[PDB]
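Engineer: Structure below; questions to follow.
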Amino acid sequence: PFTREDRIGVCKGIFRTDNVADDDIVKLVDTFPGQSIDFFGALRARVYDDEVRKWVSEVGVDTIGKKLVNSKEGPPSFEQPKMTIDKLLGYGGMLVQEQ
């Protein structure tokens, strides 16, 4: 049996490298009280999936532009998604519709 504190603790560790306030992790867990720990990992992976796909397109456009002016500067670096509560709750709500 994983307790509420247990789950807040795991969810905090999923989002450790992201910049998420403790209060927002709490709200996230309390909003999805019936979901496994696997749920919050799937949620993060879904937000990064999206963000990486955007970045691919960004790098592509930038690279095409650099080739026209023979620029040797490298591509733009991936920037972390800004993980706001409303966005996290949205992704969470998308994941629940299968269930």
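All residue names refer to the structure tokens as shown: chains lettered A, B, ... in order, residues numbered from 1 in each chain, ligands numbered from 1 in order.
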Write out as a PyMOL selection string all residues of chain A that DSSP puts in alpha helix (DSSP H) for this structure's backbone.
Structural biologist: chain A and resi 4-14+22-31+37-68+85-96
Engineer: Pick out the closest residue to residue 8 (chain A) from this set: A:52, A:28, A:42, A:95. Count only C-alpha atoms.
Structural biologist: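 Checking each candidate against residue 8 (chain A), we get A:28 as the closest.
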Engineer: Need to verify the contact set: residue 3 (chain A), 12 Å, only C-alpha atoms, exclusion of same-chain residues closer than 4 positions in sequence. Can you return it as a list in words?
Structural biologist: residues 7, 8, 9, 10, 29, 30, 33, 34, 36 and 37 of chain A
Engineer: Write to file, as a compact mmCIF listing (two decimals), in the first residue's frame, the residues of the selection just made, with N, CA and C atoms.
Structural biologist:
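For reference, selection_28.txt as written:
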# COMPACT_ATOMS: atom_id res chain seq x y z
N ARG A 7 3.08 8.92 -2.14
CA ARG A 7 2.82 9.34 -3.51
C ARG A 7 3.31 10.76 -3.82
N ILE A 8 3.12 11.69 -2.89
CA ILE A 8 3.69 13.03 -3.01
C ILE A 8 5.20 12.91 -3.16
N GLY A 9 5.81 12.04 -2.36
CA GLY A 9 7.26 11.81 -2.42
C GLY A 9 7.77 11.29 -3.75
N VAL A 10 7.10 10.28 -4.31
CA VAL A 10 7.44 9.78 -5.63
C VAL A 10 7.22 10.83 -6.73
N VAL A 29 -1.15 15.42 -7.24
CA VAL A 29 -1.47 14.14 -6.64
C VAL A 29 -2.92 14.11 -6.17
N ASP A 30 -3.37 15.18 -5.52
CA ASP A 30 -4.72 15.20 -4.92
C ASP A 30 -5.80 15.21 -6.02
N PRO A 33 -6.33 11.03 -7.44
CA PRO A 33 -6.08 10.21 -6.27
C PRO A 33 -6.14 8.70 -6.57
N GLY A 34 -6.84 8.28 -7.64
CA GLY A 34 -6.90 6.85 -7.99
C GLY A 34 -5.86 6.27 -8.95
N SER A 36 -2.03 5.13 -10.39
CA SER A 36 -0.73 4.58 -9.97
C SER A 36 0.41 5.60 -10.00
N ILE A 37 1.55 5.26 -9.40
CA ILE A 37 2.81 6.01 -9.60
C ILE A 37 3.25 6.03 -11.05
Engineer: Considering only C-alpha atoms, state which residue in the set A:74, A:81, A:41, A:1 is at the smallest distance from residue 19 (chain A).
Structural biologist: A:81
Engineer: Could you check which of A:58, A:51, A:24, A:6 is closest to residue 88 (chain A), using only C-alpha atoms?
Structural biologist: A:24
